[PDB]
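Novice: okay, structure incoming, though there's no sequence with it:
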């Protein structure tokens, strides 16, 4: 049934938009972990600069 | 009956085209998960580059 | 389900705020290690100044 | 019988709402396992930051 | 059955509280491994400070 | 399916152009860290020149 | 059926050529990540050269 | 019938030779995926060598 | 089962006490490597003092 | 028959208590595999600590 | 059957004692790899001590 | 199949010769980085010679 | 059938000898990657020796 | 028939001894795969030791 | 099976003796790299002695 594939198609479009919403939180979580590594690694840069 | 196999043949062609439509959504869903892994893994590349 | 993505969204916001709380302790721990390197490296500066 | 399909339809709506209730507990259980991985993996981030 | 989903719901709440109890031991085990890395990595800091 | 490989090919070209955009920010971030090392290391050059 | 293995053979040749097309994009994506590591790591080489 | 087992025996020999033909394409498909992993993993080896 | 979580809890307490016993040997091993660096680096201090 | 469901009920209670006895051995077997991973992974921690 | 669970219980006790025998060889194999890392890493310590 | 191991053997010989071709570029890339360190480090030798 | 286990035994001996032939190529492939790391890492040794 | 269970019992003892003969080849096949992982992983240990 | 653990035990003893043979080559390879660092670093000692 091609009417059957219309029901499955609309639900797969809602599930892939759910994947872009959760993946958007994955870009923002690695935003805050990379903010920790840039701050901390500049602290170690000052360690070697005064050494 | 060979007329019987004509009815079964046309319905199996509609069901295999339904499999290419749903499989097209499977290529696009793994498009958005691989966009999450390329973005996030370049975030971890900047972590090691400043380290 | 889009109601399903509302439950996952609120729990991912609590987990990313948990990442900023623990990362705040990572800035303060590298605060105290960089205080050790600035103090000690000024001790070595006095070594070369009297030499 | 189309009256037969009315009895089957109402029981399949109760069974699919049962699937959203149990699946809601599956989002919350993976909420608490992902809270374990974000906490623990920030502990390993502090390991490499002091190293 | 909605009475069936009441039995499954209460057992899934006990299983998710079991996941928070075991995950609490995972935060404490990575507490003691991170205590090893902070102690040992301050030993290596004294190595470079006297060098 | 070769039509399937056309959908995957266009999304892999967008993901590799995303890798050149993020990698461009990695060249600019190491631009500013190398500006810190050239400035600071010329400060230490003046230390030895007056010594 | 050996005619059956002729249909399966031609479709497996199209699927393995699809694997060489996607794998060609994997060589080019690691081309651009290795261009980021050669550029950035020469930036760190200039850091140690002026130090 | 032992004449019956002669008809079944010859068709099972054609089906097992069909399994060696398709399995030959499985060795060649994992040939091209392992060519992707050897190329790409030598790209990551150059990443660490210049680091 | 909450009786199941009692068996898992007692074995995780024995495994975390095993982590403090092995980590105690990690503090003592870096004790003897830091004794090598303090002795040897005072040898290099006498090198520069007579120079 | 409701007397029939009394015979089936008592045998299903003995079979579910058999499932808790065998599952108790599954918690203890993963006790000894997790003791192997905590011991061995602290061995690798000493590898990186002396490095 | 509870006699059935007696046969399964004794065989699961022999299989978990087999897991402690093989895991004992895993502690000894990581004994010899950690002996390689302590020896070799003291060789690199002498490299930096004479430098 | 031993004919199966003949197909896998010839493709593993082509993949290991691919590893010697890419590794040859790794010797030449570290040729040009070591040319940078020998040139630059002789520049610093002239710094101390005129000092 | 014990005659059945004779047919399975001889084919499992040919499959395990196939595993030693492919594993022999795995020792030789890591031969050429370790030749890249010994050559390149002696290039970095000359970098620090002239520094 | 209890004479019927004597015929079934002797054939199940021959089938379980067939399972120990084939499982003996499974211990020896994972013997040769674990010999590949111990050899190759010591090759990677020498990679990090010279690095 | 305890006879099964006898086959696995003897193969794990051969694999751990293979780890001591390869690790013996790791002590000798770091023998020759430490001979390079002792020779070269005494060359730099003569540089400062005539300065």
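Specialist: Here it is on my side, so go on. Numbers count the residues shown, from 1 in each chain, chains lettered A, B, ... in the order given.

Novice: can you give me the strands for chain A?
Specialist: Assigned by DSSP state E, chain A shows no strands.

Novice: helices of that one, start to end?
Specialist: Taking DSSP state H as the criterion, chain A carries its helices at A:2-50.

Novice: what residues does it have near chain D?
Specialist: By Cβ under 8 Å from any Cβ of the partner chain, the residues of chain A that approach chain D are A:29, A:33, A:36, A:37, A:40. All C-beta spots, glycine's among them, are computed from the backbone N, C-alpha and C.

Novice: let's see it at 7 Å
Specialist: A:36, A:40 (Cβ under 7 Å from any Cβ of the partner chain).

Novice: ok and the residue in chain A nearest chain K?
Specialist: Chain K sits closest to residue A:51 of chain A, with a gap of 15.3 Å, by Cβ to the nearest Cβ.

Novice: that residue reaches residue C:41, doesn't it?
Specialist: Yes. Between residue A:51 and residue C:41 there is a contact at 5.5 Å, judged by Cβ atoms under 7 Å.

Novice: neighbours around the closest residue to residue A:4 other than its chain neighbours, how many?
Specialist: Nearest residue to residue A:4, sequence neighbours excluded (Cβ to Cβ, 6 or more residues apart in numbering or on different chains): residue B:18, at 7.4 Å. Using other Cβ atoms under 10 Å in any protein chain shown, residue B:18 has 16 other residues around it.

Novice: tell me which residues touch the residue in chain A that chain O sits nearest to, please.
Specialist: Residue nearest to chain O within chain A: residue A:51 (20.4 Å; Cβ to the nearest Cβ). Residue A:51 is in contact with residue C:41, counting by Cβ atoms under 7 Å, 6 or more residues apart in numbering or on different chains.

Novice: against residue A:45, how distant is it?
Specialist: 11 Å (Cβ to Cβ, to the nearest Å).

Novice: residue A:2 too?
Specialist: Taken as Cβ to Cβ, the span from residue A:2 to residue A:45 is 62 Å.

Novice: next one: residue A:27
Specialist: Residue A:27 sits 26 Å away from residue A:45, going by Cβ to Cβ.

Novice: burial measure for the spatially closest residue to residue A:39 that is not a sequence neighbour, as a count.
Specialist: Excluding the flanking residues, the one nearest residue A:39 by Cβ to Cβ, 6+ apart is residue C:27, at 5.7 Å. Here the count is done by other Cβ under 10 Å, and residue C:27 has 14 residues near it.

Novice: does residue C:27 really touch residue A:38, like I thought?
Specialist: No. Applying Cβ under 7 Å as the test, residue C:27 and residue A:38 come out as separate, 10.9 Å apart.

Novice: residue contacts, whichever residue of chain A sits closest to chain D?
Specialist: Nearest to chain D, among the residues of chain A, is residue A:40, at 4.9 Å (Cβ to the nearest Cβ). Taking Cβ under 7 Å, 6+ apart as the criterion, residue A:40 is in contact with C:26, C:27, C:30, D:49.

Novice: which two among these are spaced furthest apart?
Specialist: The largest separation in the contacts of residue A:40, counting by Cβ to Cβ, is between C:27 and D:49 at 9.6 Å.

Novice: quick one, which of the contacts of residue A:40 are buried?
Specialist: C:26, C:30, D:49 (16 or more other Cβ atoms under 10 Å in any protein chain shown).

Novice: distance of residue A:42 from residue A:32?
Specialist: Going from residue A:42 to residue A:32 by Cβ to Cβ gives 16 Å.

Novice: which residues touch the residue lying closest to residue A:33 once chain neighbours are set aside?
Specialist: In space, and not counting its chain neighbours, residue A:33 is closest to residue C:19: 6.7 Å by Cβ to Cβ, 6+ apart. Residue C:19 is in contact with A:29, A:32, A:33, D:38, D:42, counting by Cβ under 7 Å, 6+ apart.

Novice: I'd like the residues you listed as TSV, with distance to residue K:11 appended.
Specialist: Below are the contacts of residue C:19 laid out as TSV (distance: Cβ to Cβ, whole Å):
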residue	distance to residue K:11
A:29	46
A:32	50
A:33	47
D:38	40
D:42	43
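
Novice: so which of those residues wins on neighbours?
Specialist: Neighbour counts for those peak at residue A:33, which has 24 neighbours (criterion: other Cβ under 10 Å).

Novice: before we move on, back to that, need the buried ones among the contacts of residue A:40 in CSV (columns: distance to chain F).
Specialist: As requested, the buried ones among the contacts of residue A:40 are exported to CSV (distance: Cβ to the nearest Cβ, whole Å):
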residue, distance to chain F
C:26, 19
C:30, 16
D:49, 17
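
Novice: make CSV from those residues and add distance to residue E:8 to it.
Specialist: As requested, the buried ones among the contacts of residue A:40 are exported to CSV (distance: Cβ to Cβ, whole Å):
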residue, distance to residue E:8
C:26, 41
C:30, 48
D:49, 44
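
Novice: just to revisit the earlier point, residue A:2 and residue A:45 - which one has more neighbours?
Specialist: A count of neighbours by other Cβ under 10 Å puts residue A:45 above the other of residue A:2 and residue A:45, at 17 against 10.

Novice: how near is that one to residue D:47?
Specialist: Computed as Cβ to Cβ, the residue A:45 to residue D:47 distance reads 19 Å.

Novice: and what of residue A:46?
Specialist: 21 Å.

Novice: likewise for residue A:29?
Specialist: According to Cβ to Cβ, residue A:29 and residue D:47 sit 19 Å apart.

Novice: need the contact list for the closest residue to residue A:36 other than its chain neighbours.
Specialist: Nearest residue to residue A:36, sequence neighbours excluded (Cβ to Cβ, 6+ apart): residue C:23, at 4.3 Å. With contact set as Cβ under 7 Å, 6+ apart, residue C:23 has these partners: A:32, A:36, D:42.
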